[PDB]
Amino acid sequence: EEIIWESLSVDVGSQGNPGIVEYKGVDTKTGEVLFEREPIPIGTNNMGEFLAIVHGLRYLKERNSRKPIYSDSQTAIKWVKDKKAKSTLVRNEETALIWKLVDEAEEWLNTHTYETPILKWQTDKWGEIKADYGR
């Protein structure tokens, strides 16, 4: 209904899907970039969206912030809620790195607590999420 401007917005960017994956988090109110992941050689859009939310959870918890997180990915929001990323990406030598990051994110979710609301950014009403890569 209404944008919660006091929030963190996260998004994936990619070159190919599957392909090179990165993500970033920004202050929804100002667009200031708060964190950026170094590009990962092979992953999927949804894996990256998942890692971006989990990194946001860790970022906010470390600084004792109760702000919500916006994501535009229905899939990734559900995976975080389930603490399980149900990706179809083959597990092989080429995909080992992204799968290590995903498994490690799930492990974090299963060993830590948080109250952070994870909210759907309503692209159809509000335009692109402020962490979008412009591609």
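Heads up: residue numbers just count along the shown sequence, starting at 1.
Set 45-53 against 82-90 and average the Cα temperature factors; 82-90 ends up higher. Between 29-37 and 97-105, it is 29-37 that carries the larger average Cα temperature factor according to the deposited entry. Compared with the other modelled residues of the chain, the Cα B-factor recorded for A131 ranks in the middle third. Per the PDB record, residue ranking by Cα B-factor puts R66 in the lowest third of the chain. Compared with the other modelled residues of the chain, the Cα B-factor recorded for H112 ranks in the middle third. Among the modelled residues of its chain, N17 has a C-alpha B-factor that falls in the middle third according to the deposited record.
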